[PDB]
Amino acid sequence: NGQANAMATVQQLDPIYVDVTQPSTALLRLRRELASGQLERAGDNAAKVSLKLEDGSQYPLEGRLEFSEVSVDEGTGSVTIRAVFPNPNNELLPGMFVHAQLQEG
Amino acid sequence: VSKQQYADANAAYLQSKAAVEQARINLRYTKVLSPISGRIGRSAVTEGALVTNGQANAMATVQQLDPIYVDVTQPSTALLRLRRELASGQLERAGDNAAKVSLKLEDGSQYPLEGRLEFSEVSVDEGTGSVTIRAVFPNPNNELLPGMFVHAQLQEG
Amino acid sequence: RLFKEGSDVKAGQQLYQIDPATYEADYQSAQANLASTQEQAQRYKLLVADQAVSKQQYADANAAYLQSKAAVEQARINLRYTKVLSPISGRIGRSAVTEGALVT
Numbered sequence: 074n075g076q077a078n079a080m081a082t083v084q085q086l087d088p089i090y091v092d093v094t095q096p097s098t099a100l101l102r103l104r105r106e107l108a109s110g111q112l113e114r115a116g117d118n119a120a121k122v123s124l125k126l127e128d129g130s131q132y133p134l135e136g137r138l139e140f141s142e143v144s145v146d147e148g149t150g151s152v153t154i155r156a157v158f159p160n161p162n163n164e165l166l167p168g169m170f171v172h173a174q175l176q177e178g
Numbered sequence: 005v006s007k008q009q010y011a012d013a014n015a016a017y018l019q020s021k022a023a024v025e026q027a028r029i030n031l032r033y034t035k036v037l038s039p040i041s042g043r044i045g046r047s048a049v050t051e052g053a054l055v056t057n058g059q060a061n062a063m064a065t066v067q068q069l070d071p072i073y074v075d076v077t078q079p080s081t082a083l084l085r086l087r088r089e090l091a092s093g094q095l096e097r098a099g100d101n102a103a104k105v106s107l108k109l110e111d112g113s114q115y116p117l118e119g120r121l122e123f124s125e126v127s128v129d130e131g132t133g134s135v136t137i138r139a140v141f142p143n144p145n146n147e148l149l150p151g152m153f154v155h156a157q158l159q160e161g
Numbered sequence: 003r004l005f006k007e008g009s010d011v012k013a014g015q016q017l018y019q020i021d022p023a024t025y026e027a028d029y030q031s032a033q034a035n036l037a038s039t040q041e042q043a044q045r046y047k048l049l050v051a052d053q054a055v056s057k058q059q060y061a062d063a064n065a066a067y068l069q070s071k072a073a074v075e076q077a078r079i080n081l082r083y084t085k086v087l088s089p090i091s092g093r094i095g096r097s098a099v100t101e102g103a104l105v106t
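Heads up: the sequence lines are chains A, B and C, in that order. For the record, in the first sequence the residue sitting at position 66 is 139 according to my numbering, with numbers rising by one throughout. For the record, in the second sequence the residue sitting at position 145 is 149 according to my numbering, with numbers rising by one throughout. For the record, in the third sequence the residue sitting at position 61 is 63 according to my numbering, with numbers rising by one throughout.
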């Protein structure tokens, strides 16, 4: 009772979290240019996020994002954000390396 | 009925009341109340995971952003140098404006709001010969994040 | 967290509060048992002078009273643990743990 190692794992493949990362200096210069100077005006489609797989092909569906990690990592020096993607045919697997494509105004 | 039997009766009643209070707070632990207010992070575990009492790994993390501590290190040789310069040589005493001067972020940009210093660690580390000093900073619109490399400027005599 | 970091502290000064909520309840239970057995032993002490009650009954009534008196002290020290006191005097470092955190 209460052992550390598991016996099996159960996973829900639909939907899929996509945790992507970006360095804090890029967020700093984006926040500086977002207010000072020209206004980037992120608008309505700032929620829109589309990704590509490691082979270069585009994922057909499209998902939104939400912020979930306000603290910057000590070792990497980068902030991680999260996105939700619908996965109706199990084409995405947990642990896959992907490239998200954002919209910074 | 004599007074001693009534004393035993309400003594047993109060003991059962304490027992049902124990069971009530054990029921209250099943709904994990947030101990403080602040911004919450990503949940480390999700629905379906088994958790035990007093486990080491957390399930989520809440934190408060305003105000924000900064911890900057100083070599002890410079500390004893300025300490021997305060009481010898030429004049060195900053005065009432020796609270704090500003911070510099990782991109080299200046920070608008100056903070305040309060000392919190006098135990010099044996690995690098440095002490850790501590300062507070206001963070109104959350442009600072906890855990980033910064360069704090500060005052001496 | 009832101290300023980097300040001097005297021995026995309260530093934190660990939200008792259990030790308070068993302190109430021990207080109820002591409040019963104390007046029990006092009434038997009043009766034993006129030989209305035997000496054996006064003996084990006083024994149960002292037993409950020990149990309420066993609860009171656990109440004293929920306000952690500085065991010595001197300087204190910064708090490695902060409010809202669970300790075991």
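C-beta atoms are modelled at their ideal positions from N, C-alpha and C, and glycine is treated no differently.
*asked:* Is the beta carbon of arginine 137/A closer than 8 Å to that of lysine 121/A?
replied: A distance below 8 Å separates the beta carbons of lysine 121/A and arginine 137/A.
*At a CB-CB cut-off below 7 Å, which residues of chain C make contact with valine 126/B?*
By Cβ distance, chain C contributes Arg93.
*Using a beta-carbon distance below 8 Å, is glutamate 7/C in contact with chain B?*
Yes, contact with chain B.
*Per DSSP, which one or two residues make a beta bridge with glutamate 122/B?*
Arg138/B.
*asked:* Given a cut-off of 8 Å on the beta-carbon distance, is the pair residue 110/C and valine 86/C in contact?
replied: Nothing can be reported for residue 110/C: it is not among the residues displayed for chain C, which extend from 3 to 106.
_C-alpha distance - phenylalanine 5/C paired with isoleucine 137/B, whole-angstrom precision_ = Roughly 17 Å between the two C-alpha positions.
*Is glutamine 76/C helix, strand or coil when you go by DSSP?*
Here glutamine 76/C sits in helix by DSSP.
*Reference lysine 125/A, options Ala108/A, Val91/A, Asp146/A and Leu107/A, closest by Cα*: Put simply, of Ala108/A, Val91/A, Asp146/A and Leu107/A the residue whose alpha carbon is nearest the alpha carbon of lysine 125/A is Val91/A.
*Answer yes or no: does any C-beta atom of chain D fall closer than 8 Å to that of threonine 24/C?*
Reference to chain D is not applicable here, since the protein chains of this structure are A, B and C.
*Should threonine 132/B be labelled buried (16 or more other beta-carbon atoms within 10 Å of its own) or exposed?*
With fewer than 16 other Cβ atoms within 10 Å, it is exposed.
*Pull out every residue of the region 128 to 140 of chain B whose Cβ sits closer than 7 Å to any Cβ of chain C, in chain order.*
Cβ contacts with chain C: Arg138.
_Which residues DSSP lists as bridging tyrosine 90/A, in chain order_ = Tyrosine 90/A pairs with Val157/A.
*Assign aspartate 28/C to buried or exposed, taking buried as 16 or more other Cβ atoms, counted over all protein chains shown, within 10 Å of its Cβ.*
For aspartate 28/C, the number of other beta carbons within 10 angstroms of its own is at least 16, and it is reported as buried.
*Contact set between the region 100 to 112 of chain A and chain B, restricted to residues whose Cβ is under 8 Å from the partner*: Across the region 100 to 112 of chain A, CB contacts with chain B closer than 8 Å involve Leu101, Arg102, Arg104 and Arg105, in sequence order along the chain.
_So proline 150/B contacts chain C; which residues on that side make the cut at Cβ distance below 8 Å?_
Result: empty, since nearest Cβ-Cβ is about 12 Å, beyond 8 Å.
*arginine 93/C to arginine 3/C, Cα distance in whole Å?*
Take the alpha-carbon of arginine 93/C and the one of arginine 3/C: they are about 16 Å apart.
*Own chain residues within Cβ distance below 7 Å of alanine 63/C, not counting five before or after*: Excluding sequence neighbours, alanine 63/C sits near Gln42, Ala43 and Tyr46.
*Among residues of its own chain, excluding the 5 on either side of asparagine 118/A, which ones have a beta-carbon nearer than 8 Å to its beta-carbon?*
So the list reads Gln176, once near-sequence residues are dropped.
*Out of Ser6/B, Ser134/B and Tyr10/B, point me to the one whose CA is closest to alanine 34/C's CA.*
When only C-alpha atoms are compared, the closest one is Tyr10/B.
*asked:* Under 7 Å, CB to CB, which of the residues in the region 8 to 36 of chain B have a partner in chain C?
replied: Residues of the region 8 to 36 of chain B that bring their beta carbon within less than 7 Å of a beta carbon in chain C comprise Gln8, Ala11, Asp12, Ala15, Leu18, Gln19, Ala22, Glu25, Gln26 and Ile29, in sequence order.
*Does the beta-carbon of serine 56/C have 16 or more other beta-carbons within 10 angstroms, so that it is buried, or is it exposed?*
Within a 10 Å sphere around the beta-carbon of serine 56/C sit fewer than 16 other beta-carbons, which makes this residue exposed.
*Less than 8 Å between the CB atoms is what I'm expecting for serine 144/A and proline 96/A, so what's the real figure, rounded?*
Going by Cβ atoms, the distance from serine 144/A to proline 96/A rounds to 14 Å, so no, they are not a contact pair.
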